[PDB]
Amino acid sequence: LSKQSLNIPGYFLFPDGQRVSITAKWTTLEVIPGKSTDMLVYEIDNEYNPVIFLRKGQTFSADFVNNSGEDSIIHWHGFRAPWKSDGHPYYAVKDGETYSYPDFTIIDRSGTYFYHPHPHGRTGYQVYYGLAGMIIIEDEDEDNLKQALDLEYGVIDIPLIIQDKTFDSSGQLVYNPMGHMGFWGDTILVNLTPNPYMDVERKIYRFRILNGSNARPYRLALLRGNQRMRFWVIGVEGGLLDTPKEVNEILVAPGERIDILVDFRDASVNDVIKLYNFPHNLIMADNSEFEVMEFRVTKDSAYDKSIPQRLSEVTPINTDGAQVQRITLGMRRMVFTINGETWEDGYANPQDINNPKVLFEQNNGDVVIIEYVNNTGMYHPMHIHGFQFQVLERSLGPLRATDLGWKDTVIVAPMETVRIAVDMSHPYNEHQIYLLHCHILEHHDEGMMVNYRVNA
């Protein structure tokens, strides 16, 4: 297949306190030119899977209309929300039904967020078939960065939703996760574009990289001929870092989002820069290297902006006297466990969904150190709902640039221990039921998921 121009998703300015219908439905998309692929899409204002824009402090009034053919619910991945507005599997609605999310205030920092379905056992299916979209929150820090660099969505502020998928001869998607290894696609897509290219100018570009794959992690570099080009991590799932972090590669797992700045003024006109995936070395399942995307520096520019010294304030969590919660990732006869338990171990069908089984319980305002201990042969990108966290320590090596800042998904390599810090402070007048689960969608679907509770 010839190189294809990178698709840039549409955008939707989500109004403040005004109800918006988000409809999941079956349709046909032309991913490969000349072929119709049956896929699911979120429809918002006659746009398919648009980039949703939010302003920090606004009211978020969403109704999920489910025409997907099965139970479903939208999860606002990374949001601090009341849990009945968060998209918990208990609240999934049947086909033809609507879930009205109670109003809540956007209180998260500016950055790149993620909306996708969260139904029990079918999240891998629905995400893979097309229910996935990016959210961009804006605050005053994003305003100053946008001015410093003259950023503009679709111009030099570019989403890169990276996904791997497999197509049959007729252009239909093939979803055959092998056992408990997660799904691994044969074809790499960016914003549902196979083998993509994008023309760039000699300017600074911001790329919001979102791993929307079911299981595949990426180790991404920018190759300019022989050498690896430099670039800067500026943000993670929970928003901007304190300062830019210069790197020459980033590791991004499913559920992670990495915001980077790339200064194509490093390159000459007519250069081609390959966004390349190297072996991820996190021990169907594939560890190969391959090009993700090609950038063509086609035009010169008078761009004279500088990468700023400071991006935002990331306040470190005070961990003195914090409670420790050890979360051991095991496997029980080809079934991955969390502290010896799966979702099917009392969590799946609560007698009272307002007071279900929880793995552990905390009081509002508790600082907790969570200690993931991976005793399995596979990596797990572990995600908690309700709060962002700060990565304290990895037993296998130093923190990586992508480990900094406010995170909500941390890579836990085979036989690795990772310590994170969570300030579980929420402004709600009711107790909260939040998920803790692996973000390899098949793992999550086959039960690597529990509740935890934070009281009022």
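Start at 1 and count along the sequence shown; that's the residue number.
Per the record, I283 and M284 are separated by a gap of 10 or more residues from the deposited sequence that were not modelled. The mean C-alpha temperature factor is higher for 424-432 when 58-66 and 424-432 are set side by side. Checked against the record, the higher mean CA B factor of 172-180 and 84-92 lies with 172-180. Which of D186, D103, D271, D263 has the largest Cα B-factor in the deposited entry comes down to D186. Across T337, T243, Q147, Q362, the greatest Cα temperature factor reported in the deposited entry is at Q362. When all modelled residues of the chain are sorted by CA temperature factor, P50 is found within the middle third.
Among the modelled residues of its chain, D38 has a C-alpha B-factor that falls in the middle third according to the deposited record.
When the CA B factors of the chain's modelled residues are split into thirds, the value for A401 lands in the lowest one. Among the modelled residues of the chain, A348 sits in the middle third by CA temperature factor in this PDB entry. In the deposited entry, the Cα temperature factor of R109 sits in the middle third of values across the chain's modelled residues.
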